[PDB]
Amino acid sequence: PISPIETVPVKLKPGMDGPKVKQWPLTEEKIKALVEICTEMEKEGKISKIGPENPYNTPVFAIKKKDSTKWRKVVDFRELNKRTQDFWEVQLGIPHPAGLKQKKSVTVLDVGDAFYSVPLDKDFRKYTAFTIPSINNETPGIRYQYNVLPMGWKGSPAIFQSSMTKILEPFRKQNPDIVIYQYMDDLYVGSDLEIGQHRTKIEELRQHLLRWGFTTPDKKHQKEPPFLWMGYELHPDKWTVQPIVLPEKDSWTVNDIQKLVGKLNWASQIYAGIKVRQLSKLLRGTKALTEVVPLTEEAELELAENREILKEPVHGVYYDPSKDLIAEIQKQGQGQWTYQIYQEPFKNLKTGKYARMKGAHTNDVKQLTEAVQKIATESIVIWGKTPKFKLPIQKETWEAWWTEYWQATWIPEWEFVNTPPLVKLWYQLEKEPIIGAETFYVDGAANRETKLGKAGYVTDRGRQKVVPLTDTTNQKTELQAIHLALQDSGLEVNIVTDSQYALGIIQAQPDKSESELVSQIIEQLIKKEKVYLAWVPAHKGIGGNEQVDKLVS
């Protein structure tokens, strides 16, 4: 059936015309698959025969459906899509089973031939012209246009979703205590009514849908747990992901590793402690998806750990609005973080992970804050509120950070949880100079034209050094001058630089960095006992600074 709902008016982008691209050859099995779909689509009014007055064309093909017997007709509208107006997409995100509440009666329904039940704007139909080949040359193919939403057109999903929202709105308004999760044409319907009254409401919803042209075939009509929904299995008390099968290969290509990492990220939503840093590093610097990449030892270990996690059964629970949300985070090493969101202990709603490297230089406290922010955003999306946090960072560590760090920062209500390794600052810089400690005046300079440079220092105890540097930069020289002062000094030091750049990096107390030079400076800062670091402007003849500025010349 075709919905009597009003068509949505759609336009081509200004100055553009329609697509004119020839059909390609296809197999006999797919030609008769399409002839069966097409001649029956014409009898249902989904398409109409067109002639030469219509100059447009676009190629069509067919792919299999998860129910193996059925075929899906699909059109390669890439050209028409480019020329079609933009849309504002109404699908804002993906519903998650951890956001569902427990319901006494649950149904899952699916609309049959959903896109084909929504009419297409009449003035637009001529641009959907296509041709079914039929063994390619015994005949010039038969030509049709769509009267309904085609699969493969850029506008079809949003127009369907918007139309489905309009059709459902009268039923939702009349039935506020029935939850209808609406994802494309898939409808999850939960209620606290007894099964008898629930089925009454379902028949009423199905009849309402049918009067608007939306069938709900019995094949796609689930009434008994477990419900198959959005890639999950819904039980009354719990939910699971549908089985995740990891690729198992003797030789791995780039593309295989890419699929493995993706499967693992998907699993990380309910399997705690998944890691993908070492497998992901294997993708860096590769140049072809078919390039063979040997697994490093670290990636094999990571893979083996993930496989042990994946063999154990897991389940999520459903959301209880009357209880707090709690998010707990653990540090895993090398900028990797894993978390669990629960309301009652040892009953996770869902899990996840955070492992992005943001910025060239950072520290664990910053990354913990990023994890907190990711979890906060995800909880707003799924539950509409943020959770209480349990974090492996002492309250004094945090307070030391947000007072000596010059940017505003914050973490919401959180509780310390002692799950080592704890998040900590790996060194602090003295607010005042240190009595009895050596004073280094450092400087470096490089020649931008010749990439040759020099780094060195002078000292109040009369110590001076100068090192030549090849293939450097202006900024690298200054980092090197600090490198050497830390290298040649005792446990307590006072350092004076004229590099705002270098001071800026070190003052933020980074504990890791994409640069090996900064990495080395960090290791030396961590080994020191006290370090005061001070700045003065360059090329103004200031005592100590001017002397080392002269020496590096």
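Numbers for residues come from their place in the sequence shown, where the first is 1.
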Out of 61 to 69 and 494 to 502, which stretch has the higher average CA B-factor listed in the record? 61 to 69
Higher of the two mean Cα B-factors (410 to 418, 87 to 95; per PDB record) comes from 410 to 418
Name the one of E291, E300, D320, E194 with the greatest CA B-factor according to the PDB entry. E194
For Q509, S513, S489, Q524, the deposited C-alpha B-factor is largest at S489
Third of chain Cα B-factors occupied by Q222: middle
Quick tally, chain-level thirds of C-alpha B-factors: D123 sits in the middle
By its CA B factor, does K104 count among the lowest, middle or highest third of the modelled residues in the chain? highest
What third of its chain, lowest, middle or highest, does the C-alpha temperature factor of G273 fall into? lowest
Chain third (lowest, middle, highest) by recorded CA B-factor, residue given as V261: lowest
